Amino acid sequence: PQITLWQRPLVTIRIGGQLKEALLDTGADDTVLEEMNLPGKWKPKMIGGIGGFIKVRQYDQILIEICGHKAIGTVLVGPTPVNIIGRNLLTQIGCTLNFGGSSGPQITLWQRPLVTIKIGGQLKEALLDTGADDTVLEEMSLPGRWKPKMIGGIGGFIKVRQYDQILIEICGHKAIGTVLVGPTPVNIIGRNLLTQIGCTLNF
């Protein structure tokens, strides 16, 4: 199958005899599920994201079915707004990112999908992130007017500066779109620019 990124890549998993909805997320190392009470023992863990850390419980060897495909791995359970399928499970279902309509350059998720971007006129690297609505870069100087905005993620909300109609080159592809600038741990390329450069998920 192929998943487009016009929408959030939400899918049905099953985890127990339960269907759940979850987000297919290439920028997440880990898989995070909403609070549910599993039998088993767990380890305490702190995970971070945009706006800070939350505490989670780590369960090992959970089996999930993602789109008729089985995966077995570590899941973290906690007060997440959304169930996130991270690269630890996505690699097991054979999921790749493909640019150019389909293979096309093909990117595996065994490691973090980091690429070089050129943004006026520096090179940075950024994570290709199918779970993000928006593109968030580290603090930099872009020419143009901006406005304050707030965005959130795991851990909460950050204040960003929004610039519209900015040119960016992602792997030699041009995109012209909105970029948020603020105190993000990582440069994130989200669905707003991913779609411009013809990125899909395939398995």
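Residue indices: 1-based, along the sequence shown.
Taking the mean C-alpha B-factor of each stretch as recorded, 105-113 and 128-136 are not equal, and the higher mean is that of 105-113. Higher average CA B factor: 6-14, of the stretches 6-14 and 20-28. Looking at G73, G121, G94, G86, the one whose CA carries the top B-factor in the deposited record is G121.
By the numbers in the PDB entry, the CA B factor is greatest at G144 among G177, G153, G48, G144. Ranked within its chain, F53 lands in the lowest third, by CA B factor from the PDB record.
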